[PDB]
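Since the structure comes first, as structure tokens, the remarks are kept for the end.
We did not get these values from a lab; they are worked out from the coordinates using the rules stated. Positions of Cβ are backbone-derived with ideal geometry, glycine not excepted, and every protein chain shown enters the neighbour counts.
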Protein chains: 2
Amino acid sequence: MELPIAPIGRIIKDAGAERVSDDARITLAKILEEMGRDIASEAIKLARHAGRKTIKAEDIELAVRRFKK
Amino acid sequence: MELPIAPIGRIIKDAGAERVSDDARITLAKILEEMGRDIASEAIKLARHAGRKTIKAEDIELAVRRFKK
């Protein structure tokens, strides 16, 4: 399983979206998720660059400023 | 709602996670969700710039790509 479209649809709604396809949701879903899988796996080999210290905030924070370009 | 850390759990498990820290899960969720709201009002001011109602896999497509990733 992966990014539920209901949660997202409320995010996008939170912006001020009104009427959204599930396909709009899922492309965003597959974006933000593959991004999330992106940062995380970054933050993973990050914590793995350590070798051990659990996935952590700065493990994200590094991971994010990492992959992003 | 702010990207539940369970769902992001199995995402970042897909990454390669084992034992995360709540600082981690939330920070990422704070990242991507900040982005997701971004692509929203983008895809939205997109679908409104059109003069239409329904946001699509396109509307994400232009919103997201318009950003970068």
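Identify, from the list A:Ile60, A:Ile39, A:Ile31, A:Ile26, the residue that is more than 19 Å from B:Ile12 (Cβ to Cβ) and within 14 Å of the chain's Cα centre (by Cα). Break it down into steps so the answer makes sense when it comes.
Numbers: A:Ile60 fails: more than 19 Å from B:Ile12 (Cβ to Cβ); A:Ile39 fails: more than 19 Å from B:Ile12 (Cβ to Cβ); A:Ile31 fails: more than 19 Å from B:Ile12 (Cβ to Cβ).
The conditions single out A:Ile26.
Would it be correct to say that A:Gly36 is under 26 Å from B:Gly16 (Cβ atoms), more than 8 Å from chain B (Cβ to nearest Cβ) and of a type outside the set (A, V, I, L, M)? Explain how you work it out, then say what you get.
Values: under 26 Å from B:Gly16 (Cβ atoms): yes; more than 8 Å from chain B (Cβ to nearest Cβ): no; of a type outside the set (A, V, I, L, M): yes.
Here the answer is no, as A:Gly36 does not meet what is asked.
Between a residue in the stretch B:1-13 that is more than 7 Å from every other protein chain (Cβ to nearest Cβ) and in contact (Cβ under 8 Å) with a residue 12 or more places away in the chain and any residue that is outside any helix (DSSP H, G or I) and of a type outside the set (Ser, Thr, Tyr), which pairs come within a Cβ distance under 8 Å, given they are 6 or more apart or on different chains?
Matching pairs, first to second residue: B:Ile5/B:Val20; B:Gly9/B:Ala17; B:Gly9/B:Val20.
When you go through A:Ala29, A:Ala63 one by one, which is the residue that is closer than 21 Å to B:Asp22 by Cβ, more than 7 Å from chain B (Cβ to nearest Cβ) and among the hydrophobic types (A, V, I, L, M, F, W, C)? If you could, list the steps in order and put the result at the bottom.
Details: A:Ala29 fails: closer than 21 Å to B:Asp22 by Cβ.
After applying the criteria, what remains is A:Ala63.
If I filter the stretch A:14-34 down to residues being closer than 19 Å to B:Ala29 by Cβ and free of Cβ contacts under 8 Å to residues at least 12 places away in the same chain, which single residue comes out as surrounded by the most Cβ atoms within 10 Å (Cβ to Cβ)?
A:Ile31
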